[PDB]
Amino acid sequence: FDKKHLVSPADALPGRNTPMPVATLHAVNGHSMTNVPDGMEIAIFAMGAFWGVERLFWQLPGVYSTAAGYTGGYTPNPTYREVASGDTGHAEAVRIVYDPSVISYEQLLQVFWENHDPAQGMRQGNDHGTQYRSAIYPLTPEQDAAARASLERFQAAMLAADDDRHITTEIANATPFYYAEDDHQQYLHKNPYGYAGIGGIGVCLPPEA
């Protein structure tokens, strides 16, 4: 929401300059953990503890790849410990490579608003901390417009569902996206019986408004 409720830039952890080792293939679909096939695009979201979120997205037809990571903070190339301390300023986020010809940014936004609670401030579900905050990180002006309008509409939907809470979602231009450790990539596919947050307040974002 406002950068003041994070760690201050002067207090953020210094991090390192060498990037996290990333596996070559996605653990579920065998696609490239990094490449973006011609005509495809990236979306970046934060919806809370990021295991369940990554699974939520790689199951959508049209998503080429997903990846768990850390973004929106100050610390370069953080570790899970560091992010969990709160002293990185990052949010646990997920990086999505999708084909606009099969799934559109508007639909990804619908998924976003439906599968977490965007009005919980510095927590999501039972997980407390700024690393669990709600955020949308546009990479293009078209996404910036689409995401901000969707925030408008979904706040209205919340009011219609007789919910007086105000959306705490951050929307900022995307900064470097740091991949999480290899253990977290496709975590719930490697560990089927692990933790996936309950999501959503029970309302969906109707189309085109």
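Residue numbers run from 1 along the displayed sequence.
S.K.: In terms of the CA temperature factor given in the entry, to which third of its chain does residue 52 belong: lowest, middle or highest?
M.R.: Its C-alpha B-factor, which the entry lists for residue 52, ranks in the lowest third among residues of this chain.
S.K.: Pull the Cα B-factor of residue 60 out of the PDB entry and bin it into the chain's lowest, middle or highest third.
M.R.: Middle third by C-alpha B-factor.
S.K.: Where does the C-alpha B-factor of residue 150 rank in its chain, lowest, middle or highest third?
M.R.: Lowest third.
S.K.: Lowest, middle or highest third: where is residue 133 by C-alpha B factor in its chain?
M.R.: Ranked within chain, residue 133 CA B lands in the lowest tercile.
S.K.: Of the three thirds of its chain by CA temperature factor, lowest, middle or highest, which one includes residue 81?
M.R.: Tercile = highest for this residue's CA B-factor.
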